[PDB]
file target-v8.cif (mmCIF, C-alpha atoms; chains and numbers go by the auth columns)
data_input
loop_
_atom_site.group_PDB
_atom_site.id
_atom_site.type_symbol
_atom_site.label_atom_id
_atom_site.label_comp_id
_atom_site.label_asym_id
_atom_site.label_seq_id
_atom_site.Cartn_x
_atom_site.Cartn_y
_atom_site.Cartn_z
_atom_site.B_iso_or_equiv
_atom_site.auth_seq_id
_atom_site.auth_asym_id
ATOM 1 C CA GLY A 1 90.552 95.984 76.729 0.00 14 D
ATOM 2 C CA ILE A 2 93.238 93.435 77.537 0.00 15 D
ATOM 3 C CA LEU A 3 95.989 95.999 77.033 0.00 16 D
ATOM 4 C CA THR A 4 94.569 98.476 79.541 0.00 17 D
ATOM 5 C CA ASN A 5 94.173 95.587 82.010 0.00 18 D
ATOM 6 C CA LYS A 6 97.799 94.518 81.679 0.00 19 D
ATOM 7 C CA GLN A 7 98.545 98.187 82.380 0.00 20 D
ATOM 8 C CA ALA A 8 96.539 98.229 85.628 0.00 21 D
ATOM 9 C CA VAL A 9 97.969 94.882 86.737 0.00 22 D
ATOM 10 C CA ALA A 10 101.533 95.850 85.856 0.00 23 D
ATOM 11 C CA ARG A 11 101.316 99.128 87.756 0.00 24 D
ATOM 12 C CA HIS A 12 100.010 97.194 90.783 0.00 25 D
ATOM 13 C CA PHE A 13 102.934 94.777 90.891 0.00 26 D
ATOM 14 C CA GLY A 14 105.534 97.227 89.616 0.00 27 D
ATOM 15 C CA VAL A 15 106.370 95.257 86.470 0.00 28 D
ATOM 16 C CA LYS A 16 106.327 95.923 82.733 0.00 29 D
ATOM 17 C CA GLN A 17 103.108 95.648 80.765 0.00 30 D
ATOM 18 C CA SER A 18 104.889 93.057 78.575 0.00 31 D
ATOM 19 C CA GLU A 19 105.673 91.068 81.756 0.00 32 D
ATOM 20 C CA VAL A 20 102.002 90.276 82.341 0.00 33 D
ATOM 21 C CA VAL A 21 100.350 87.231 80.730 0.00 34 D
ATOM 22 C CA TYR A 22 96.682 86.152 80.778 0.00 35 D
ATOM 23 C CA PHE A 23 96.034 82.525 81.613 0.00 36 D
ATOM 24 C CA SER A 24 94.684 80.285 78.841 0.00 37 D
ATOM 25 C CA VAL A 25 95.238 76.639 78.015 0.00 38 D
ATOM 26 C CA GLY A 26 98.588 76.264 76.268 0.00 39 D
ATOM 27 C CA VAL A 27 99.817 79.814 76.997 0.00 40 D
ATOM 28 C CA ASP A 28 103.628 80.134 77.109 0.00 41 D
ATOM 29 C CA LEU A 29 104.801 81.149 80.603 0.00 42 D
ATOM 30 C CA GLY A 30 108.476 81.845 79.870 0.00 43 D
ATOM 31 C CA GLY A 31 109.772 85.204 81.057 0.00 44 D
ATOM 32 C CA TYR A 32 106.439 86.477 82.410 0.00 45 D
ATOM 33 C CA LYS A 33 106.385 87.958 85.964 0.00 46 D
ATOM 34 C CA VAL A 34 102.634 88.214 86.662 0.00 47 D
ATOM 35 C CA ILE A 35 99.774 85.963 85.498 0.00 48 D
ATOM 36 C CA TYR A 36 96.124 87.094 85.340 0.00 49 D
ATOM 37 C CA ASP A 37 93.057 84.833 85.585 0.00 50 D
ATOM 38 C CA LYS A 38 90.270 86.410 83.513 0.00 51 D
ATOM 39 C CA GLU A 39 87.503 84.357 85.176 0.00 52 D
ATOM 40 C CA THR A 40 88.201 85.199 88.822 0.00 53 D
ATOM 41 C CA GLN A 41 89.786 88.521 87.735 0.00 54 D
ATOM 42 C CA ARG A 42 92.753 87.936 90.071 0.00 55 D
ATOM 43 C CA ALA A 43 96.475 88.473 89.418 0.00 56 D
ATOM 44 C CA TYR A 44 99.417 86.528 90.853 0.00 57 D
ATOM 45 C CA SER A 45 103.201 86.957 90.704 0.00 58 D
ATOM 46 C CA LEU A 46 104.731 83.965 88.896 0.00 59 D
ATOM 47 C CA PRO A 47 107.576 81.876 90.286 0.00 60 D
ATOM 48 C CA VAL A 48 110.916 82.830 88.723 0.00 61 D
ATOM 49 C CA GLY A 49 112.827 80.353 86.531 0.00 62 D
ATOM 50 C CA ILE A 50 110.053 79.086 84.277 0.00 63 D
ATOM 51 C CA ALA A 51 111.737 77.928 81.077 0.00 64 D
ATOM 52 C CA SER A 52 110.777 79.191 77.625 0.00 65 D
ATOM 53 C CA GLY A 53 108.485 76.627 76.050 0.00 66 D
ATOM 54 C CA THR A 54 106.742 75.886 79.359 0.00 67 D
ATOM 55 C CA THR A 55 103.022 76.046 78.626 0.00 68 D
ATOM 56 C CA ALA A 56 100.004 76.393 80.931 0.00 69 D
ATOM 57 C CA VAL A 57 97.599 73.472 81.439 0.00 70 D
ATOM 58 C CA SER A 58 95.138 74.570 84.153 0.00 71 D
ATOM 59 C CA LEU A 59 94.511 77.321 86.730 0.00 72 D
ATOM 60 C CA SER A 60 92.104 76.350 89.526 0.00 73 D
ATOM 61 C CA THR A 61 89.898 78.650 91.579 0.00 74 D
ATOM 62 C CA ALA A 62 92.384 78.126 94.427 0.00 75 D
ATOM 63 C CA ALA A 63 95.049 79.633 92.090 0.00 76 D
ATOM 64 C CA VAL A 64 96.898 76.334 91.656 0.00 77 D
ATOM 65 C CA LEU A 65 98.691 76.682 88.308 0.00 78 D
ATOM 66 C CA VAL A 66 99.532 73.487 86.465 0.00 79 D
ATOM 67 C CA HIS A 67 101.923 73.735 83.517 0.00 80 D
ATOM 68 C CA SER A 68 103.974 71.400 81.260 0.00 81 D
ATOM 69 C CA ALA A 69 106.921 71.353 83.696 0.00 82 D
ATOM 70 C CA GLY A 70 104.885 70.841 86.877 0.00 83 D
ATOM 71 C CA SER A 71 102.709 72.990 89.134 0.00 84 D
ATOM 72 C CA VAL A 72 102.731 75.785 91.696 0.00 85 D
ATOM 73 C CA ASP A 73 100.243 77.191 94.235 0.00 86 D
ATOM 74 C CA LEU A 74 100.151 80.875 93.300 0.00 87 D
ATOM 75 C CA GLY A 75 98.258 81.524 96.527 0.00 88 D
ATOM 76 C CA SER A 76 101.112 80.205 98.702 0.00 89 D
ATOM 77 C CA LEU A 77 103.640 82.084 96.580 0.00 90 D
ATOM 78 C CA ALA A 78 101.559 85.258 96.993 0.00 91 D
ATOM 79 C CA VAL A 79 101.541 84.787 100.772 0.00 92 D
ATOM 80 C CA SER A 80 105.329 84.367 100.792 0.00 93 D
ATOM 81 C CA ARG A 81 105.542 87.707 98.951 0.00 94 D
ATOM 82 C CA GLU A 82 102.867 89.383 101.112 0.00 95 D
ATOM 83 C CA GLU A 83 100.680 89.987 98.071 0.00 96 D
ATOM 84 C CA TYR A 84 97.083 89.826 99.371 0.00 97 D
ATOM 85 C CA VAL A 85 93.490 90.543 98.448 0.00 98 D
ATOM 86 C CA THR A 86 91.280 91.795 101.309 0.00 99 D
ATOM 87 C CA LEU A 87 87.873 90.292 100.645 0.00 100 D
ATOM 88 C CA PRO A 88 84.771 92.448 100.900 0.00 101 D
ATOM 89 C CA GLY A 89 82.899 92.193 104.197 0.00 102 D
ATOM 90 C CA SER A 90 84.173 90.545 107.344 0.00 103 D
ATOM 91 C CA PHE A 91 83.683 87.727 109.835 0.00 104 D
ATOM 92 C CA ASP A 92 80.469 89.538 110.872 0.00 105 D
ATOM 93 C CA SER A 93 79.150 89.546 107.280 0.00 106 D
ATOM 94 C CA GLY A 94 80.542 86.084 106.535 0.00 107 D
ATOM 95 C CA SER A 95 82.292 85.191 103.260 0.00 108 D
ATOM 96 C CA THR A 96 83.831 82.401 101.200 0.00 109 D
ATOM 97 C CA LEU A 97 87.612 82.095 100.905 0.00 110 D
ATOM 98 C CA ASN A 98 89.043 80.424 97.795 0.00 111 D
ATOM 99 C CA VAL A 99 92.719 81.356 97.786 0.00 112 D
ATOM 100 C CA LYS A 100 95.600 81.291 100.259 0.00 113 D
ATOM 101 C CA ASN A 101 96.263 85.022 99.706 0.00 114 D
ATOM 102 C CA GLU A 102 92.758 86.198 100.574 0.00 115 D
ATOM 103 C CA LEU A 103 92.305 88.032 103.875 0.00 116 D
ATOM 104 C CA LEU A 104 89.112 88.293 105.902 0.00 117 D
ATOM 105 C CA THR A 105 88.829 91.268 108.230 0.00 118 D
ATOM 106 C CA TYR A 106 87.859 90.712 111.882 0.00 119 D
ATOM 107 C CA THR A 107 87.482 93.213 114.751 0.00 120 D
ATOM 108 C CA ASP A 108 91.158 92.923 115.720 0.00 121 D
ATOM 109 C CA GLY A 109 92.804 92.646 112.288 0.00 122 D
ATOM 110 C CA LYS A 110 93.017 90.435 109.212 0.00 123 D
ATOM 111 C CA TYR A 111 93.324 86.696 108.844 0.00 124 D
ATOM 112 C CA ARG A 112 94.090 84.235 106.045 0.00 125 D
ATOM 113 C CA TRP A 113 92.921 80.597 105.933 0.00 126 D
ATOM 114 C CA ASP A 114 95.675 77.947 106.085 0.00 127 D
ATOM 115 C CA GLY A 115 93.403 74.908 105.746 0.00 128 D
ATOM 116 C CA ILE A 116 91.159 73.187 103.229 0.00 129 D
ATOM 117 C CA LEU A 117 89.906 75.505 100.496 0.00 130 D
ATOM 118 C CA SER B 1 97.503 108.243 72.890 0.00 12 T
ATOM 119 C CA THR B 2 94.764 106.587 74.928 0.00 13 T
ATOM 120 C CA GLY B 3 97.604 104.288 76.000 0.00 14 T
ATOM 121 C CA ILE B 4 99.249 107.184 77.830 0.00 15 T
ATOM 122 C CA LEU B 5 95.944 108.264 79.363 0.00 16 T
ATOM 123 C CA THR B 6 94.893 104.806 80.577 0.00 17 T
ATOM 124 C CA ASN B 7 98.347 104.217 82.049 0.00 18 T
ATOM 125 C CA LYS B 8 98.100 107.570 83.842 0.00 19 T
ATOM 126 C CA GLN B 9 94.787 106.288 85.164 0.00 20 T
ATOM 127 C CA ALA B 10 96.265 102.993 86.398 0.00 21 T
ATOM 128 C CA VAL B 11 99.110 104.891 88.068 0.00 22 T
ATOM 129 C CA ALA B 12 96.768 107.419 89.696 0.00 23 T
ATOM 130 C CA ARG B 13 94.466 104.731 91.126 0.00 24 T
ATOM 131 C CA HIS B 14 97.526 102.975 92.526 0.00 25 T
ATOM 132 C CA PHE B 15 98.766 106.090 94.348 0.00 26 T
ATOM 133 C CA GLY B 16 95.332 107.486 95.112 0.00 27 T
ATOM 134 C CA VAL B 17 95.908 110.732 93.179 0.00 28 T
ATOM 135 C CA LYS B 18 94.128 112.435 90.259 0.00 29 T
ATOM 136 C CA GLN B 19 94.856 111.260 86.711 0.00 30 T
ATOM 137 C CA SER B 20 96.036 114.749 85.791 0.00 31 T
ATOM 138 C CA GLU B 21 98.589 114.651 88.640 0.00 32 T
ATOM 139 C CA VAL B 22 100.660 112.049 86.775 0.00 33 T
ATOM 140 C CA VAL B 23 103.459 113.106 84.386 0.00 34 T
ATOM 141 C CA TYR B 24 105.649 110.999 82.089 0.00 35 T
ATOM 142 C CA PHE B 25 109.312 111.838 82.271 0.00 36 T
ATOM 143 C CA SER B 26 110.856 113.460 79.208 0.00 37 T
ATOM 144 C CA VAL B 27 113.811 115.815 78.949 0.00 38 T
ATOM 145 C CA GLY B 28 112.267 119.269 79.285 0.00 39 T
ATOM 146 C CA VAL B 29 108.777 118.405 80.585 0.00 40 T
ATOM 147 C CA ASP B 30 107.320 120.923 83.053 0.00 41 T
ATOM 148 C CA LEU B 31 107.183 119.188 86.453 0.00 42 T
ATOM 149 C CA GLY B 32 105.242 121.824 88.408 0.00 43 T
ATOM 150 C CA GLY B 33 102.039 120.735 90.156 0.00 44 T
ATOM 151 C CA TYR B 34 102.437 117.012 89.441 0.00 45 T
ATOM 152 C CA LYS B 35 102.288 114.489 92.323 0.00 46 T
ATOM 153 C CA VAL B 36 103.584 111.368 90.553 0.00 47 T
ATOM 154 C CA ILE B 37 106.097 110.859 87.738 0.00 48 T
ATOM 155 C CA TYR B 38 106.332 107.864 85.420 0.00 49 T
ATOM 156 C CA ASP B 39 109.419 106.483 83.663 0.00 50 T
ATOM 157 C CA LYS B 40 108.278 104.884 80.397 0.00 51 T
ATOM 158 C CA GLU B 41 111.565 102.996 79.935 0.00 52 T
ATOM 159 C CA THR B 42 111.732 101.255 83.310 0.00 53 T
ATOM 160 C CA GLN B 43 107.940 101.379 83.697 0.00 54 T
ATOM 161 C CA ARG B 44 108.068 102.533 87.328 0.00 55 T
ATOM 162 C CA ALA B 45 106.179 105.378 88.993 0.00 56 T
ATOM 163 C CA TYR B 46 107.347 107.565 91.899 0.00 57 T
ATOM 164 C CA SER B 47 105.677 110.186 94.081 0.00 58 T
ATOM 165 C CA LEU B 48 107.173 113.629 93.445 0.00 59 T
ATOM 166 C CA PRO B 49 108.345 115.921 96.232 0.00 60 T
ATOM 167 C CA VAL B 50 105.699 118.554 96.987 0.00 61 T
ATOM 168 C CA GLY B 51 106.828 122.118 96.245 0.00 62 T
ATOM 169 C CA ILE B 52 108.222 121.892 92.688 0.00 63 T
ATOM 170 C CA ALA B 53 107.556 125.340 91.216 0.00 64 T
ATOM 171 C CA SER B 54 105.901 125.795 87.838 0.00 65 T
ATOM 172 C CA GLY B 55 108.470 126.291 85.112 0.00 66 T
ATOM 173 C CA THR B 56 110.744 123.696 86.681 0.00 67 T
ATOM 174 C CA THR B 57 111.619 121.371 83.817 0.00 68 T
ATOM 175 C CA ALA B 58 113.037 117.842 83.831 0.00 69 T
ATOM 176 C CA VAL B 59 116.687 117.206 82.870 0.00 70 T
ATOM 177 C CA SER B 60 117.412 113.487 83.470 0.00 71 T
ATOM 178 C CA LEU B 61 116.109 110.432 85.335 0.00 72 T
ATOM 179 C CA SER B 62 118.481 107.559 86.107 0.00 73 T
ATOM 180 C CA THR B 63 117.687 103.857 86.501 0.00 74 T
ATOM 181 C CA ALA B 64 118.238 104.508 90.226 0.00 75 T
ATOM 182 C CA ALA B 65 115.368 107.006 90.004 0.00 76 T
ATOM 183 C CA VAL B 66 117.493 110.082 90.604 0.00 77 T
ATOM 184 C CA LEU B 67 115.628 113.005 89.086 0.00 78 T
ATOM 185 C CA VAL B 68 117.523 116.110 88.001 0.00 79 T
ATOM 186 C CA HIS B 69 115.474 119.175 87.147 0.00 80 T
ATOM 187 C CA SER B 70 116.225 122.840 86.354 0.00 81 T
ATOM 188 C CA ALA B 71 115.909 123.888 90.012 0.00 82 T
ATOM 189 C CA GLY B 72 117.694 121.008 91.700 0.00 83 T
ATOM 190 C CA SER B 73 117.788 117.283 92.233 0.00 84 T
ATOM 191 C CA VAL B 74 116.010 114.574 94.235 0.00 85 T
ATOM 192 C CA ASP B 75 116.424 110.871 94.891 0.00 86 T
ATOM 193 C CA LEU B 76 112.925 109.523 94.125 0.00 87 T
ATOM 194 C CA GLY B 77 113.992 106.118 95.448 0.00 88 T
ATOM 195 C CA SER B 78 114.803 107.571 98.876 0.00 89 T
ATOM 196 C CA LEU B 79 111.551 109.526 98.862 0.00 90 T
ATOM 197 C CA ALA B 80 109.595 106.385 97.980 0.00 91 T
ATOM 198 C CA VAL B 81 111.322 104.543 100.869 0.00 92 T
ATOM 199 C CA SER B 82 110.198 107.220 103.367 0.00 93 T
ATOM 200 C CA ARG B 83 106.669 106.795 101.981 0.00 94 T
ATOM 201 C CA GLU B 84 106.655 102.968 102.102 0.00 95 T
ATOM 202 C CA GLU B 85 105.984 102.954 98.355 0.00 96 T
ATOM 203 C CA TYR B 86 107.730 99.742 97.376 0.00 97 T
ATOM 204 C CA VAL B 87 108.207 97.346 94.505 0.00 98 T
ATOM 205 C CA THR B 88 108.644 93.701 95.555 0.00 99 T
ATOM 206 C CA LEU B 89 110.953 92.233 92.923 0.00 100 T
ATOM 207 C CA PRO B 90 110.198 88.875 91.327 0.00 101 T
ATOM 208 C CA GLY B 91 111.963 85.922 92.895 0.00 102 T
ATOM 209 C CA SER B 92 113.992 85.964 96.077 0.00 103 T
ATOM 210 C CA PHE B 93 117.462 85.764 97.616 0.00 104 T
ATOM 211 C CA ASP B 94 117.601 82.069 96.783 0.00 105 T
ATOM 212 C CA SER B 95 116.819 82.639 93.112 0.00 106 T
ATOM 213 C CA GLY B 96 119.146 85.639 93.031 0.00 107 T
ATOM 214 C CA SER B 97 118.228 89.029 91.542 0.00 108 T
ATOM 215 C CA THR B 98 119.471 92.497 90.623 0.00 109 T
ATOM 216 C CA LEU B 99 118.382 95.642 92.460 0.00 110 T
ATOM 217 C CA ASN B 100 118.483 99.108 90.861 0.00 111 T
ATOM 218 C CA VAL B 101 116.342 101.303 93.141 0.00 112 T
ATOM 219 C CA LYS B 102 116.154 102.079 96.860 0.00 113 T
ATOM 220 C CA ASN B 103 112.424 101.238 96.875 0.00 114 T
ATOM 221 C CA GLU B 104 112.949 97.689 95.603 0.00 115 T
ATOM 222 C CA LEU B 105 112.500 94.796 98.021 0.00 116 T
ATOM 223 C CA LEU B 106 113.883 91.280 97.764 0.00 117 T
ATOM 224 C CA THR B 107 112.101 88.476 99.575 0.00 118 T
ATOM 225 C CA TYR B 108 113.971 86.193 101.929 0.00 119 T
ATOM 226 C CA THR B 109 112.465 83.274 103.851 0.00 120 T
ATOM 227 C CA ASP B 110 111.996 85.468 106.972 0.00 121 T
ATOM 228 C CA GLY B 111 110.629 88.608 105.237 0.00 122 T
ATOM 229 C CA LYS B 112 111.563 91.398 102.804 0.00 123 T
ATOM 230 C CA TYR B 113 114.698 93.560 102.635 0.00 124 T
ATOM 231 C CA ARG B 114 115.758 96.672 100.768 0.00 125 T
ATOM 232 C CA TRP B 115 119.370 97.544 99.875 0.00 126 T
ATOM 233 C CA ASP B 116 120.816 100.614 101.586 0.00 127 T
ATOM 234 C CA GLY B 117 124.222 100.413 99.913 0.00 128 T
ATOM 235 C CA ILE B 118 125.736 101.041 96.507 0.00 129 T
ATOM 236 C CA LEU B 119 123.323 100.479 93.613 0.00 130 T
#
call {"tool": "encode", "arguments": {"input": "target-v8.cif", "output": "structure tokens"}}
result
Amino acid sequence: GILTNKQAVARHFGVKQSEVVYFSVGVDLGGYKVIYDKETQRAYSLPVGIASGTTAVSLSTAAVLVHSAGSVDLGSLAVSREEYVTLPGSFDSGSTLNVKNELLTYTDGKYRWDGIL
Amino acid sequence: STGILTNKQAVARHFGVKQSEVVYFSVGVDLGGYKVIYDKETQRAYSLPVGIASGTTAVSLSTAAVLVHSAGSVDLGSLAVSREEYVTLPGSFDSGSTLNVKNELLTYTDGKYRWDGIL
């Protein structure tokens, strides 16, 4: 269940299965490369340099990860790394954007929202 | 076990090929007919050059993804580069990093780069 998911996620980002961690309150973030949110079913590369013993506090729907040492917008990090999710539909169909790394397809290409989520 | 099969499935979906077209590397494995090869140690997958005859067996696979088989050799990293099949490494230039394959990209503030020199 979880193991096959870490496999899919790891193969997507090109990391090791053991380098993927699921978010949960208190989870230790040290050494992990990709975090996975089970609720939204989204994965995000983690910022490098998170010390062992750094534990997770909260993960918002906008992918803002708060931990014991501070916080980081995984959406903005994902954009910096060009790691995107292309939402179903389009501007024609309409949609709701929740994260900075979500793209909405228009007639002339894709767009991401840089404002209030 | 199922672990091998589900990983072959994750790899196949990633590359858009059939599950059966994925082969784990092992000294002696028959490479013929496969489209993608997986290195269980480094946990990286690479498209295989089309044309490998049946009977062609694997000899060695370096951390630079150089594959030696009974009929020849091929840089899988170079092949991946030509196919835009890349791995964006964790971190960036600022954080520092170590690159081992031609298809690895490091992120800088103005975009990504791959290393075309000595690995």
call {"tool": "atom_distance", "arguments": {"input": "target-v8.cif", "atom1": "CA of residue 124 (chain D)", "atom2": "CA of residue 77 (chain D)"}}
result
20.4 Å
call {"tool": "closest_atom_pairs", "arguments": {"input": "target-v8.cif", "of": "chain T", "to": "chain D", "cutoff": "9 Å", "atoms": "only C-alpha atoms", "output": "Markdown table"}}
result
| residue | atom | partner | partner_atom | distance |
| --- | --- | --- | --- | --- |
| T:14 | CA | D:17 | CA | 7.5 |
| T:17 | CA | D:17 | CA | 6.4 |
| T:18 | CA | D:20 | CA | 6.0 |
| T:20 | CA | D:21 | CA | 8.3 |
| T:21 | CA | D:21 | CA | 4.8 |
| T:22 | CA | D:24 | CA | 6.2 |
| T:24 | CA | D:21 | CA | 8.8 |
| T:25 | CA | D:25 | CA | 6.5 |
| T:53 | CA | D:29 | CA | 7.6 |
| T:54 | CA | D:29 | CA | 5.8 |
| T:55 | CA | D:27 | CA | 6.3 |
| T:56 | CA | D:24 | CA | 8.0 |
| T:97 | CA | D:27 | CA | 8.4 |
| T:98 | CA | D:27 | CA | 5.6 |
| T:99 | CA | D:26 | CA | 7.5 |
| T:100 | CA | D:27 | CA | 8.1 |
| T:101 | CA | D:61 | CA | 6.6 |
| T:102 | CA | D:61 | CA | 5.3 |
| T:103 | CA | D:61 | CA | 8.6 |
| T:106 | CA | D:61 | CA | 7.4 |
| T:118 | CA | D:94 | CA | 6.6 |
| T:119 | CA | D:93 | CA | 8.9 |
| T:120 | CA | D:93 | CA | 7.8 |
| T:122 | CA | D:93 | CA | 8.1 |
| T:123 | CA | D:94 | CA | 8.0 |
call {"tool": "write_last_selection", "arguments": {"input": "target-v8.cif", "atoms": "C-alpha atoms", "output": "PDB file, keeping the file's coordinate frame"}}
result
ATOM      1  CA  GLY T  14      97.604 104.288  76.000  1.00  0.00           C
ATOM      2  CA  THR T  17      94.893 104.806  80.577  1.00  0.00           C
ATOM      3  CA  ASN T  18      98.347 104.217  82.049  1.00  0.00           C
ATOM      4  CA  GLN T  20      94.787 106.288  85.164  1.00  0.00           C
ATOM      5  CA  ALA T  21      96.265 102.993  86.398  1.00  0.00           C
ATOM      6  CA  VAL T  22      99.110 104.891  88.068  1.00  0.00           C
ATOM      7  CA  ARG T  24      94.466 104.731  91.126  1.00  0.00           C
ATOM      8  CA  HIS T  25      97.526 102.975  92.526  1.00  0.00           C
ATOM      9  CA  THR T  53     111.732 101.255  83.310  1.00  0.00           C
ATOM     10  CA  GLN T  54     107.940 101.379  83.697  1.00  0.00           C
ATOM     11  CA  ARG T  55     108.068 102.533  87.328  1.00  0.00           C
ATOM     12  CA  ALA T  56     106.179 105.378  88.993  1.00  0.00           C
ATOM     13  CA  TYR T  97     107.730  99.742  97.376  1.00  0.00           C
ATOM     14  CA  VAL T  98     108.207  97.346  94.505  1.00  0.00           C
ATOM     15  CA  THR T  99     108.644  93.701  95.555  1.00  0.00           C
ATOM     16  CA  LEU T 100     110.953  92.233  92.923  1.00  0.00           C
ATOM     17  CA  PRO T 101     110.198  88.875  91.327  1.00  0.00           C
ATOM     18  CA  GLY T 102     111.963  85.922  92.895  1.00  0.00           C
ATOM     19  CA  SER T 103     113.992  85.964  96.077  1.00  0.00           C
ATOM     20  CA  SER T 106     116.819  82.639  93.112  1.00  0.00           C
ATOM     21  CA  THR T 118     112.101  88.476  99.575  1.00  0.00           C
ATOM     22  CA  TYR T 119     113.971  86.193 101.929  1.00  0.00           C
ATOM     23  CA  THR T 120     112.465  83.274 103.851  1.00  0.00           C
ATOM     24  CA  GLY T 122     110.629  88.608 105.237  1.00  0.00           C
ATOM     25  CA  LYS T 123     111.563  91.398 102.804  1.00  0.00           C
TER      26      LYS T 123
END
call {"tool": "resolve_selection", "arguments": {"input": "target-v8.cif", "expression": "the PyMOL selection byres ((chain D and resi 80-82) around 9)", "output": "MDAnalysis selection string"}}
result
chainID D and resid 39 42 63:64 66:72 78:79 83:85
call {"tool": "resolve_selection", "arguments": {"input": "target-v8.cif", "expression": "the PyMOL selection byres ((chain D and resi 49) around 9)", "output": "list in words"}}
result
residues 19, 22, 33, 34, 35, 36, 47, 48, 50, 51, 53, 54, 55, 56, 57 and 58 of chain D
call {"tool": "atom_distance", "arguments": {"input": "target-v8.cif", "atom1": "CA of residue 19 (chain T)", "atom2": "CA of residue 51 (chain T)"}}
result
11.1 Å
call {"tool": "resolve_selection", "arguments": {"input": "target-v8.cif", "expression": "the PyMOL selection byres ((chain T and resi 126) around 12)", "output": "ChimeraX atom specification"}}
result
/T:75,88-89,92,108-118,123-125,127-130
call {"tool": "atom_distance", "arguments": {"input": "target-v8.cif", "atom1": "CA of residue 44 (chain D)", "atom2": "CA of residue 34 (chain T)"}}
result
28.8 Å
call {"tool": "residues_around", "arguments": {"input": "target-v8.cif", "residues": "region 62-69 of chain T", "least_positions_apart": "6", "cutoff": "12 Å", "atoms": "all atoms listed in the file", "output": "number ranges by chain"}}
result
T: 34-48, 50, 77-85
call {"tool": "axis_aligned_box", "arguments": {"input": "target-v8.cif", "around": "region 46-53 of chain T", "padding_each_side": "6 Å", "output": "JSON"}}
result
{"center_x": 107.0, "center_y": 107.9, "center_z": 86.1, "size_x": 21.4, "size_y": 25.2, "size_z": 24.4}
call {"tool": "decode", "arguments": {"input": "target-v8.cif", "residues": "region 14-31 of chain T", "atoms": "C-alpha atoms", "output": "tab-separated table (two decimals), in the first residue's frame"}}
result
chain	number	residue	atom	x	y	z
T	14	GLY	CA	8.01	-5.54	-4.94
T	15	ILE	CA	9.88	-6.13	-8.19
T	16	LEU	CA	6.65	-6.24	-10.18
T	17	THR	CA	5.13	-3.07	-8.70
T	18	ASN	CA	8.40	-1.21	-9.21
T	19	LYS	CA	8.46	-2.38	-12.83
T	20	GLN	CA	4.95	-0.96	-13.03
T	21	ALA	CA	5.95	2.42	-11.57
T	22	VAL	CA	8.91	2.58	-13.97
T	23	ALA	CA	6.79	1.62	-16.99
T	24	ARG	CA	4.11	4.24	-16.25
T	25	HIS	CA	6.86	6.83	-15.91
T	26	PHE	CA	8.36	6.03	-19.33
T	27	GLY	CA	5.08	5.15	-21.00
T	28	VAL	CA	6.14	1.57	-21.83
T	29	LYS	CA	4.73	-1.88	-20.99
T	30	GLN	CA	5.52	-3.41	-17.59
T	31	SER	CA	7.15	-6.38	-19.30
